[PDB]
Structures are given as C-alpha cells and as structure tokens.
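Observations on the model geometry
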Amino acid sequence: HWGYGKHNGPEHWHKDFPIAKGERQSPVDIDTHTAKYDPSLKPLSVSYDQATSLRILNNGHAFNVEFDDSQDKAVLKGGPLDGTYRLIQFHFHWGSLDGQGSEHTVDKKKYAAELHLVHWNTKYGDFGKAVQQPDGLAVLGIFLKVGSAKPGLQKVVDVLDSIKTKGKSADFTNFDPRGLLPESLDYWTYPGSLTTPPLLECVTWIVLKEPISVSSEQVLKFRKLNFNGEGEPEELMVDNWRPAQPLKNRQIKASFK
Ligand SMILES: O=C(O)c1c(O)cccc1O
Ligand SMILES: O=C(O)c1c(O)cccc1O
Ligand SMILES: O=C(O)c1c(O)cccc1O
Ligand SMILES: [Zn+2]
C-alpha cells in the first residue's frame, strides 16, 4: 500500500487514485505576489475552548490527535467559510532535514513541517458525508520553523515514544490545541483537496501566514517515529509530505493587505 517511498510515493498515487491529477489538488505553492487581498472575507473565528481530545494514533503515514466531534465543541467559522466547521483531528507533515517538510510552500520556500487541523462542515452530519461534498472540509494549515521550542507542542512530543510504530495509539485526553496557534490569524485561502489518498476535492484551505517556532529537539523527536509496524524493519517516519501540485484554474486569496 501507498506511502512516501520511491515505489509507493506521490508520483505513483495517480494509478489507484486518478483524482491525483485533478483540477483542485493540494498542496500548492503560494505565490505571495499573485495572491490578492479579498475584502469579501469575513473575520476568521477559531473557537477551541471546548475542544475534547481523546487519543493519538500512529497510522503508518503520520500521527493523528483525535477529538470528540459528537457535540458542537471546537469550531472554525468565518473567513471564506459558510457556516460552521467542527474539529475532528490534527496531524503534521515533516522532513528528514529542517530544510524541507511542509506541503504548501510560500514563494517556493519549504518549511520544516506543517500542521493540519481538520474540520468538517456541520451541514453534512459527519465527516464521512462531508467528504462527498465540494465544501465538506476546512483545513487550517500552520507552518513550523525550527527555532525556540513551542511549549504547547511538548505534550505531543512526549507521548510519541509510546506510539512509535504503525497501529499504535495512546490516550491523549485534555490536550488544548490553542497552544499550537501563532499570534496572528492572517491567512491565504484557496479550494483544494486532501493531501494523501484518497485525495478528495473537498477542502477549503486556510493557511496561516505566521509560522510557529518549534525547537530542533521537538522536530528531531517527530523523526524518531516509524512508518513500519512493531517487529518490522525500521523505516523512519520522515518526509511524509506531498509536493506542490499545479494551481490550475484557481486563485489564492489573502485575508490581509
Ligand atoms: O511511506 C513509506 O511506506 C515508505 C517506504 O515503504 C519505504 C521508504 C520510505 C517510505 O516513506
Ligand atoms: O467521523 C465520521 O463520522 C466518519 C469518518 O471519520 C470516516 C468515515 C465515515 C464517517 O462517518
Ligand atoms: O489527507 C488528508 O488531508 C486527510 C485529512 O485531512 C483527514 C482525513 C484523511 C486524510 O487523508
Ligand atoms: Zn495533512
């Protein structure tokens, strides 16, 4: 099955998932000079006070921190979004070196990692019906650079050694995702897709301009995870990013002048 290796990575995915060569695939490069400020964008609202985290899972591609989405609790609204979107999970993508790791790029610059907070449109009942719709999902994307440690990331880092291999999970209650946000909510937005198979074209992307800073030690611990399962040869979980895809007939809009 699919992955990030030479033999099963991004350049192969189109054979099982033809939408890989679709009209609104992600990630993309954000050309900051071509992005236009959009005065029609409403204020973004990220309301995480009631977020209820449950569990952290190594899925053999990344780790997911999963939330209880059975009530209206951690929601994203405003900006380009119509209505209310409910947080279901977050995960990251990162490199084998600090010079690469993000999926979106900014004027071709790769960050060391990228965080995705995934939300589904509450008009559609749950996530599974939301991914049948062209406005089913909203993903808040946040770049990570290497510098000072991010304190609100450390409880994630400290549980990783308990989910080293594919299929492992751990309790991960009482985690506050507010600690992963930068100060500013300035963002770029465009319509795109999931970035791993099944690559579905359901996502309103909201990519924050301000990166968060994490320490070298925090990202080095991400790189100790494994793609493999327990007992199998070690293949370190690094470089689990899809590169930029053609923009096609899309415009990237800025929330800021
Ligand atoms: O993601 C993977 O499945 C993978 C491999 O199976 C082998 C090397 C690198 C890699 O990312
Ligand atoms: O969360 C859900 O309700 C869900 C999924 O997370 C995946 C598939 C179907 C579905 O309803
Ligand atoms: O690729 C993704 O972006 C993705 C999600 O964001 C949520 C669930 C599955 C998935 O592949
Ligand atoms: Zn992702």
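Residues numbered from 1 in each chain as written, not as in the entry; some residues may be left out. Chains lettered and ligands numbered in written order. Heavy atoms only, no water.

- The PDB entry annotates the protein chain as Carbonic anhydrase 2 originating from Homo sapiens.
- Per the header of the deposited record, the title is "Nucleophile recognition as an alternative inhibition mode for benzoic acid based carbonic anhydrase inhibitors".
- The record in UniProt for the protein chain states the following under Subunit (literature references left out): "Interacts with SLC4A4. Interaction with SLC4A7 regulates SLC4A7 transporter activity. Interacts with SLC26A6 isoform 4 (via C-terminus cytoplasmic domain)."
- Taken verbatim from the UniProt record of the protein chain, the Sequence similarities comment is "Belongs to the alpha-carbonic anhydrase family." (UniProt positions renumbered as here; feature names shortened; annotations may be inferred.)

1. Quick notes on the site of ligand 1
- In the vicinity of ligand 1, the residues found are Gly3, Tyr4, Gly5, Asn8, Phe227 and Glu235.
- The contact in question runs from an oxygen atom of ligand 1 to an N or O atom on the backbone of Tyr4, over 2.9 Å.
- Contact distances for ligand 1 include 3.2 Å between an oxygen atom and a side-chain N or O atom of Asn8.
- Partitioning the shell around ligand 1 into residue classes produces 2 nonpolar, 3 polar and 1 charged. (Near = heavy atom within 4 Å. Polar contact = N/O pair within 3.5 Å; in protein donor to acceptor, adjacent residues only side chain to side chain. Nonpolar A, V, L, I, M, F, W, Y, C, P; charged D, E, K, R; others polar.)

2. Here we look at the UniProt feature "binding site: substrate" in the protein chain
- Under the UniProt annotation, the feature "binding site: substrate" is placed at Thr195 and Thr196. Checking the named residues against the largest pocket, the ones that line it are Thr195 and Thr196.
- Within the secondary structure layout, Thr195 lies in the loop between β12 (187-192) and β13 (203-208).
- Here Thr195 is in contact with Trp13, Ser26, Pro27, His93, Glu103, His116, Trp205 and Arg242, once residues within four sequence places are set aside.
- Within polar-contact distance, the side chain of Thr195 engages the side chain of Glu103 at 2.6 Å. (1 Å grid on protein atoms, 1.4 Å probe; cavity = no way out; pocket = protein on both sides within 12 Å on 5 of 7 lines; lining within 4 Å. Helix = DSSP H or I, 4+ residues; strand = E, 2+ residues; numbered from the N terminus. Contact = heavy atoms within 4.5 Å.)

3. Observations concerning the packing of aromatic side chains
- Scanning the model with the defined rule gives 15 aromatic pairs in all.
- Plain terms: the ring middles of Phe63 and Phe92 are 5.6 Å apart, the flat faces sit at 45 degrees to each other, and that makes the pair tilted. A residue pair is termed long-range when its members are at least 10 positions apart, and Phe63 in strand β5 (residues 63-67) and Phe92 in strand β7 (residues 84-94) qualify at 29 residues. For the pair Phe63 and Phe92, a shared accessibility class is recorded, and that class is buried. (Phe/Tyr/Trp six-rings, centres within 6.5 Å; stacked < 30°, edge-to-face > 60°. Buried < 20%, exposed > 50% of the residue type's maximum accessible area, 1.4 Å probe, protein only.)

4. Considering the UniProt feature "binding site: Zn(2+)" in the protein chain
- Within the UniProt annotation, "binding site: Zn(2+)" is assigned to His91, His93 and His116. In summary, the annotated positions, though distributed over 26 residues, converge in three dimensions, the widest C-alpha pair being only 8.2 Å. Checked against the lining of the largest pocket, the annotated residues reduce to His91, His93 and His116.
- With respect to the helices and strands, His93 occurs in strand β7.
- Leave out the neighbours within four places in its chain, and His93 touches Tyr4, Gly101, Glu103, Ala113, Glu114, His116, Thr195, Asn240 and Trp241.
- Within polar-contact distance, the side chain of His93 engages the side chain of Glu103 at 3.2 Å.
- Topologically, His116 is positioned in strand β9 (residues 113-121).
- Those residues in contact with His116 that lie beyond four places of it in its chain are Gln89, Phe90, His91, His93, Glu103, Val139, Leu140, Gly141, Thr195 and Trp205.

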